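One chain comes next, on its own, written out as structure tokens in the form deposited in one PDB entry.
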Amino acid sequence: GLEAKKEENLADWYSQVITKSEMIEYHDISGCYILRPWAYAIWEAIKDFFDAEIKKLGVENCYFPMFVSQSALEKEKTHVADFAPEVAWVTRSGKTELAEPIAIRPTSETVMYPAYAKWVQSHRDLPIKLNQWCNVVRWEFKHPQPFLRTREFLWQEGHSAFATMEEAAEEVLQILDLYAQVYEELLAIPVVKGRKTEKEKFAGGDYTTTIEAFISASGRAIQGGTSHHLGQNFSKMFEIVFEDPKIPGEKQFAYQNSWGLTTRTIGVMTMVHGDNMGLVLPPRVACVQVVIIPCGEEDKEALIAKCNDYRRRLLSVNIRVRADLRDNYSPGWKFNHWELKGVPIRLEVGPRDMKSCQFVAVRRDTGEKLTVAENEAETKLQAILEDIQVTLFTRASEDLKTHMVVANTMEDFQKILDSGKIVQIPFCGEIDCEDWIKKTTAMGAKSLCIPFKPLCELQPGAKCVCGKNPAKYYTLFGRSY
């Protein structure tokens, strides 16, 4: 049973939920966590969806080495200056020191792009569109949090190279829309699409697009996925070049994008939908969508037979169902065990209901008990699974809609901010003003994104909240992971 309240001590609740659902185990080392099968199945669902979608775009899977040389890692000064502090270095095998230290990848730009330079000889070799599903390492010394912010994590990283800027800019937004679909369609989490400010953009890229989610329980926002236009910054450094088809002998540098999505997804799901009885799984990603549980000697065998009847009908219509007919456990124990793991529907079959040709469906999101005729089993349960998905999104949506507001001045900005909300404010865009906002609001508020579709229209002559410069865009600010 769960023993911490989400609205009292959030960290204690998070720990409780992820371990009692059997999603996470703690490793010997700190900041390193084990994805047990209940969590990993959510990641596999995401992968199935996203992998099919990127295949539709022409992207292909590959696998690049986990180690990068010192020379490659250093070639793009801004990138390396941003990542160097947290790069992990291997220096020996056994007692034998290596010829040269080698780095574990924090991101794959510098392991892939010498190869791209090799593969791109002429215009017809482009575009190159590659993806890999792998693990990466960001050995920061700050406090790690399972799923949300870890030292090793699983992700997908895509890397594309194009002959023209237009193709590249188009892919950036196609990928970002896919990420939005993962969050909203699969995990029932609303997200805000936007661009990162100059201070928060990917080091070495030209611009970064992103989706931001809101964790109401802590009043904080978190980046869910990211899609960069790197432009020609990396291709100039790695010499990914092709001869201009029109102008003899002129070399052109490829235009590049990279884009990433991680198991942070599962953490957000958990923070957004979890409750005080445990995890709550959106049906669209649930490993088990329905769990059949008997309640209450010809009658005992008839009851288990009926349970099986329900299992086979639900499987017949492609609903993911488990019948927990274990005799080694109590029915109430089974109830709690599967509520903790977040199974969308509990299907209870007891003797009275069975002789009456009905069963009970219990929704996880609301706890509501429905009695359903045996006749309707497949149809109604399908309906209910869809309602759960919608309900989960709707509630989360309402939270976003009440916790993201507009503020045109610094005083109202501060007041709103420490009520636990995020705030769209008119912003001039300068790094100096962003730093100043951070300290004056101190955790201090960071920039989250410049919304594609902001709440209000910026009006002519609007000044930034610093008063010094004119406003360039409504920008979403808040406390962040």
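Note that residue numbering begins at 1 and tracks the sequence as displayed. Take the two forms, superpose them, and find the largest set of C-alpha atoms that agree within 1.5 Å; that set is the rigid core.
The segment from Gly296 to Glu297 is interrupted, since 4 to 9 residues of the deposited sequence in that interval carry no coordinates. Unmodelled residues of the deposited sequence between neighbouring positions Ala442 and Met443 number 10 or more.
When the two stretches 393 to 401 and 266 to 274 are set side by side, the higher mean Cα temperature factor goes to 393 to 401. For the segment pair 328 to 336 and 378 to 386, the entry gives 328 to 336 the higher mean B-factor, averaged over Cα atoms. Across the options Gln232, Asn131, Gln121, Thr110, the residue with the most elevated CA B-factor in the record is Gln121. Within the listed group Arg149, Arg105, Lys246, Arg346, the record reports its top CA B-factor for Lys246. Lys415: CA B factor lies in the highest third for its chain, per the PDB record.
In the deposited entry, the Cα temperature factor of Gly429 sits in the middle third of values across the chain's modelled residues.
Per-chain ranking of the deposited C-alpha B factor places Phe214 in the middle third. Among the modelled residues of its chain, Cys307 has a C-alpha B-factor that falls in the middle third according to the deposited record. Among all modelled residues in this chain, the alpha-carbon of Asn469 has a temperature factor (C-alpha) in the highest third.
Another form, the form deposited in another entry, is not on view; read the next lines as being about it.
Once the two forms are fitted on their rigid core, between this form and the one not shown the CA displacement reaches 2 Å or more only for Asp244 among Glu198, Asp244, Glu368, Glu386. Core-superposed comparison between this form and the one not shown: the Cα of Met165 travels less than 2 Å.
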